[PDB]
Ligand SMILES: CC(C)[C@H]1NC(=O)c2c[se]c(n2)[C@@H](C(C)C)NC(=O)c2c[se]c(n2)[C@@H](C(C)C)NC(=O)c2c[se]c1n2
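Residue numbers (UniProt numbering): 33 to 626, 684 to 1271.
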């Protein structure tokens, strides 16, 4: 039910098609065992011919005839065999695939529309809860997973019937009890295999979780980069915990990694066992009873039943994860909670006009426990009026405004619009009859003409023309290029909020309600706009009764009636004057305000050379690799022998030949493997260990030393970096392992394959090499075609998913609701295309997979038939075919390698390139000389000649053009610009974070941008806006280890003293030991600054860089800061930049710089004597 059924709901000819295919799949897997039985019949007639060929020394003619007759006889059996099994595979395959598609296809599609629309119907709730971020996320993600659920499933039913039926069919029909001995030994061995292997595979899981832990403890904080450069360099810590947990869980999970190699070894060991019991049980039940040297069929075949149950396993899984998540989020899908709104039929009020009535409504927010914001609200408002609400403590006003669109249904009491109860009239009809405008003027990524249109589908640019003209916007739109058909550059980020809101005005305007609501629309907008806007707001009001909650008492004056609120506490009501007269709430309050990347340059073999560098040595590794390969073709050889010696050889010692080879297999495979692996696992594994660890150490430091425009102007977040750390150390690891695997399979396949290939027979060697590289190329192109369709599909669906998102993310839409479907409709359109396209590609996968399989039987037809070729009187085509097919097996072993081990080397290398390009870098300012700190450099006079610069993005026109400043010693250089840039950049330039484009600086005499970077940052009293202190203790923080500076106790005492933070240091549990406490979230910015300053003075600068230090503080914080800073200055030079046009007075040389160029300068009153820039600044101040 629910889970699975719903999960597969909705398909007539679909469900039928689904079944159909299913069947196909069945006949398919089964098709493979049949294939095995056959190899039986052919291998048996073949064995007969070889045994009589063994007797020989007699009737030469009777032999020409018996062997030719049997040759052509089976040569035919082969024709009709591959013809059979073959044609089959092809056909049904293509079919099962169509299941996959068609099925999931239309399925998903359906689920698609029903989900979009679903969300667009869950209403309020999608604002109520959800992450409405995480939602569209799961939108796309989940939908897809459901799909993969439908297709892989098909594949599952498949291999499920391949194992079940095959292992049955053969595992019971051929043997009678022999097939049963098979069942005995084979299944039992399959058990022990899957068991032990899986037990230690999960032991690997546990080891990997122990890793992730070691990982984060190998992560730490790596942001706060800037403050860090102005600090020095962590470098030990990182490395410490780094390699620490690394090496530990390294050897450890590498013990389970090597144990994983102990697993590939346990499985292979047991493999050998498979052989052991296999051949043994055979040799016996093939020498005594059931003498057919064809037990091979049954036994081998059931093996196939096992491996098919495996593949079956991952497929099922996908059906699960798909089933599970799909149906659960499906429940959050098809489900139609709604009912607190909905969108259909309802009550129709043609009466047009009416009065708003709020009759005792008790409302609690959707957050259950949240205290009812409308602890009983009574408020009626006549038509034609314009009532405003006033509050301040948040949540109540906007709340009423809110439920006026029926948004949240009232918890109790009710509200009657016009004279009928809001809850009784149709919702759409309501929402349309209710024009509203909140603060956020949301605009869609389209043209103005549109946004408007959105407000109302049908409408001619004519009406829009007037509408806007009325919403007074017909001007900027005009002066705006493209006219009405002007887009809004990806979202509502291309014009002033004033304009935006305005447009909206227009929007809702064209809606022309009867009830207009303004949720502090004007709010959050410059004064000027504020006026023009209010203006429009008015022009649209008064013909429409309107309620308005705002803070601009100024725009509250023209109120036909004011509403007393301040967080959900109704009170005084009536005209402005009446409330002022009431000297209550109004009066008072009125008087209270008066992650993408991808880089072209890769790195061919470069990673392999730098590979070796990051490697001491491990021939031992490559060695065991090689021998390992040799080990594989070996089994190949030996097997051929076994089957051969027994299918055509001498009757005596048949048991010694059998007991020998089978025993051999065992010792050979099992022992050399478990050993070859373990051994390598240890070597190559340790390889990845150091490589990673060491790699990190370098990469990280490379960053530490790195810096300038890097973190100064980065687009490489702290995460992206940290990640880079982990992932890439790991990926290169995969680079060395691959290289290992490469040499391996190679010599394995290539080498041994060719050797045995020379002892071939020249018919087989060639026909087969044609077959392996060919089916190989068909597999690679198979994948390629598959990723392609997958990629392009993700792009069309993307577009569709981007818009859809835009709507759900921007629920505001609902405000007009005049688009829901309209929207989804447009998406139906896009969806429409990738749906027909999903069909085409469907068929595709079909023909592809099929053609694959084709190549399969085909290859077998050629192989066996071409092998057996001419065998009249005994020709060079006998048992050797085994070895030949061993070469086919060899190609298939190489496939086992590229489908296993370290990643496809691809992402491995790309990630390798990244870590390289980074570990490399260009230091730019590490150690050096470039000064000697002569006992007479302790001045501090800063010089700025030319000063032209502009952090990386030069075509944005430099923010430093021909600048020039200067500053004496032991004084305070005042600095004030226009805003943001200029101030900080200079400070920066001093810190030499960015070497100016043209010009230079002089901290005292020598040339800054030549002086010693290290020392120039040794003396520096830096304290910018947003401070910061690592999750250390204040004592340590205060004692900021700039360099060899040993945490000087009495020194730091000096820091808390002057800094003015000794207050928190006095008492407050632990005194100096208190860790910032949870990364710092326990001390006010004032405090943190106090420690900031402590830092500076702790370094005893000769220059103090104050970057608006206190610029988001308050009482005694700004005061105590300016005082500590007061004694913190004057003994040593200090450029103090700031936007405190008030406390800047106390300055020696105040410099008024107009971004790029300084315009005025000198002493305060003097600048005031210069009525102009500085003047207009203190006057705007007031
Ligand atoms: C592929 C199916 C037709 C069929 N095999 C043959 O017809 C065949 C004819 Se000679 C022979 N197998 C012997 C012999 C060469 C030693 N094979 C191996 O020692 C060997 C070692 Se790993 C490996 N195979 C992988 C690889 C090949 C995928 N194959 C299978 O798990 C598998 C399961 Se059923 C099956 N194969």
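All C-beta atoms in this analysis are idealised placements derived from N, C-alpha and C, irrespective of residue type, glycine included.
Nonlocal neighbours in the same chain, by C-beta distance under 8 Å from residue i, ignoring five residues either side
i	result
residue 888	919
residue 462	437, 438, 449, 454
residue 1001	692, 696, 817, 820, 821, 824
residue 648	Since the numbering of the chain jumps from 626 to 684, residue 648 cannot be located in this structure.
residue 1129	263, 1184, 1187, 1188
First through last residue of the beta strand (DSSP E) which encompasses residue i
i	result
residue 295	Counting along the chain, residue 295 falls outside any beta strand (DSSP E), though it belongs to the alpha helix (DSSP H) covering 289 to 317.
residue 444	444 to 449
residue 335	Premise fails: residue 335 lies in the alpha helix (DSSP H), 327 to 366, not in any beta strand (DSSP E).
residue 418	418 to 422
residue 1089	1087 to 1091
residue 1246	1246 to 1251
residue 919	Looking at the DSSP string, residue 919 is not in any beta strand (DSSP E); the run it does join, the alpha helix (DSSP H), is 909 to 957.
residue 1243	1238 to 1243
residue 372	No beta strand (DSSP E) contains residue 372, which DSSP labels as neither H nor E.
Neighbourhood of residue i by C-beta, 7 Å cutoff - its chain only, sequence neighbours within 5 removed
i	result
residue 430	551, 581
residue 1027	1191
residue 689	none
residue 73	109
residue 481	493, 496, 516, 517
residue 1113	1196
residue 390	409, 410, 411, 412, 432, 447
Start-to-end residues for the alpha helix (DSSP H) that takes in residue i
i	result
residue 1266	1262 to 1270
residue 1223	Taken as a continuous stretch (DSSP letters only), residue 1223 belongs to no alpha helix (DSSP H), being part of the beta strand (DSSP E) at 1223 to 1226.
residue 806	That residue, residue 806, is in no alpha helix (DSSP H); it is neither H nor E in DSSP.
residue 536	529 to 543
residue 700	695 to 702
residue 876	853 to 898
residue 620	617 to 624
residue 710	708 to 736
residue 483	480 to 487
Ligand 2 heavy atom lying under 6 Å from the CB of residue i
i	result
residue 975	Ligand 2 is not part of this structure, which contains only ligand 1.
Cutoff 6 Å; reference residue i; Cβ partners in own chain excluding five residues on either side
i	result
residue 796	261
residue 131	50, 53, 186
residue 818	781, 784, 785
residue 64	194
residue 709	772
residue 1084	1098
residue 410	392
residue 334	199, 203, 214, 218
Closer than 8 Å is the cut-off here; do at least three beta carbon pairs connect the segment 198 to 212 with the segment 255 to 270?
no
Across the segment 418 to 431 and the segment 580 to 590, are there enough close Cβ pairs to call them in contact, namely three or more that are closer than 8 Å?
yes
Touch check for the segment 768 to 782 and the segment 212 to 231: three-plus C-beta pairs under 8 Å?
no
Beta strand (DSSP E) runs contained entirely in the segment 48 to 102, provided each spans 3 or more residues:
none
Does the count of Cβ pairs from the segment 1162 to 1170 and the segment 1091 to 1102 closer than 8 Å reach three?
no
So within the segment 1111 to 1142, which uninterrupted alpha helix (DSSP H) runs reach at least 4 residues, ignoring any that extend past its ends?
1123 to 1127
Taking the runs of the alpha helix (DSSP H) that are 4 residues or longer, which of them lie wholly in the segment 547 to 611?
559 to 572, 585 to 588
Would you mind listing the alpha helix (DSSP H) stretches within the segment 122 to 192 that are 4+ residues and don't spill past its ends, in chain order?
157 to 160
Taking three-plus beta-carbon pairs below 8 Å as touching, is the segment 778 to 788 in contact with the segment 272 to 284?
yes
Check whether the segment 313 to 324 and the segment 802 to 822 are in contact - that is, three or more C-beta pairs closer than 8 Å.
no
The segment 488 to 506 / the segment 451 to 459 touching (three or more Cβ pairs under 8 Å):
no
Taking 8 Å as the threshold, find out whether the segment 222 to 242 comes into contact with the segment 732 to 745 through three or more Cβ pairs.
no
Please specify which runs of the alpha helix (DSSP H), each continuous and at least 4 residues long, are wholly inside the segment 760 to 831, giving them in chain order.
762 to 794, 797 to 801
Would you check if there are 3 or more beta carbon pairs closer than 8 Å linking the segment 162 to 175 to the segment 78 to 92?
no
Using a Cβ distance threshold of 8 Å, determine whether the segment 890 to 900 contacts the segment 860 to 872, with at least three qualifying pairs required.
no
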